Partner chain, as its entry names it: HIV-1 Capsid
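Below, in structure tokens: the form deposited without the partner chain, a single chain.
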């Protein structure tokens, strides 16, 4: 029962940037971790491969996971259109946290943030379920393509993704 590792290979206007890998805390948040894991492998028939990071705010976060509408209005979980907040055990302690985006209580879908700063105001409202394990430098390099209002100056995509172990 070791925690799963997934990877994203990132591209910038189609040109390879690098690989980010993520530990998912399936010991502490198993339902939320499993959703992200299975969206990363595509094993249910849908998932993250080919989808974009639509909102990047330097000094705050990168946001992705909307594989249906590419702009923050879509996505879905492996459990249905939304699922519940599992728990709030883990906190937003610094850069490199993986945490679920939502639109109110019990509205988790497929969208997520990768933090690039400590974001403690999110504690108890957004479920933390993983952390960057390798390639934080590649998250930093993404962040450069963001802007204050979140629009990206180039298209930042998940060119490939899957499970490493």
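Numbering follows the first chain given and starts at 1.
FYI, the form solved in complex with the partner chain isn't displayed, but the following is about it.
- The single contact residue among 138, 132, 52, 122, judged by any heavy atom lying within 4.5 Å of the partner chain in the deposited bound form, is 122.
- Although the partner is absent here, residue 60 lies within 4.5 Å of the partner chain in the deposited bound form, judged by heavy atoms.
- When the partner chain is considered in the deposited bound form, residue 101 lines it closely, a heavy atom lying within 4.5 Å.
- Taking the partner from elsewhere, residue 111 is found to have a heavy atom lying within 4.5 Å of the partner chain in the deposited bound form.
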